[PDB]
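Colleague: Experimental structure and sequence below.
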Amino acid sequence: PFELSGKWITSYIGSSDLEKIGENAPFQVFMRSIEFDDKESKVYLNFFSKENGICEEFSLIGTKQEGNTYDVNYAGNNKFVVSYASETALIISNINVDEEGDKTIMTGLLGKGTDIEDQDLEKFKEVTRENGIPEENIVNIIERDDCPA
Ligand SMILES: CCCCCCCCCCC=O
């Protein structure tokens, strides 16, 4: 029985739009924890993001929708799905439509902080590729995560 809820840190993030994941961008998300409240059909996302260089924490609440999709507001509208789940990682596929209406597809590899297991990384890169996102559009989040634990 897989436990999806708990501590989850971001290791890598791929994106179709580089403007959304650079330094201080809305999607350079340093995950801290994700909670799946299936009884209440909600999802609790906690993370840090940089704006003007300093770390800023976020505690969002998303609602479960059709299939395995989750709706959540942040820098536009988002619809994300947990494409992959193992005992060491989680791979999220998210589609964001910002305030300007620009559509951006993104992917992310989440772990228990730690150390990255190449097995999950290869799956992340494969998912990223399948979404038409090139390898050069992948950023290493762990190297950039200096935000509070
Ligand atoms: C932000 C993309 C991947 C981050 C890891 C978990 C998602 C929680 C916040 C999702 C908002 O998109």
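Modeller: Sure thing, it's come through. Numbering: from 1, shown residues only.
Colleague: Buried residues in stretch 135-147, which are they?
Modeller: 137-139, 141-142, 145 (16 or more other Cβ atoms under 10 Å). All C-beta spots, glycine's among them, are computed from the backbone N, C-alpha and C.
Colleague: between those, which is closest to the ligand?
Modeller: residue 141 (9.0 Å; Cβ to the nearest ligand atom).
Colleague: The spatially closest residue to that closest one that is not a sequence neighbour pairs with what?
Modeller: Leaving aside its chain neighbours, residue 141 sits nearest to residue 10 (4.4 Å; criterion: Cβ to Cβ, 6 or more residues apart in numbering). Here residue 10 sits in beta bridges with residue 110, as judged by DSSP bridges.
Colleague: was I right about residue 10 contacting residue 110?
Modeller: Yes - look at residue 10 against residue 110 with Cβ atoms under 8 Å: they come within range, at 5.8 Å.
Colleague: overlap in contacts of these two?
Modeller: Residues touching both residue 10 and residue 110 (Cβ atoms under 8 Å, 6 or more residues apart in numbering): residue 31.
Colleague: Among the buried residues of stretch 135-147, which are located in strands?
Modeller: Counted as lying in strands by DSSP state E, out of the buried residues of stretch 135-147, are 138-139.
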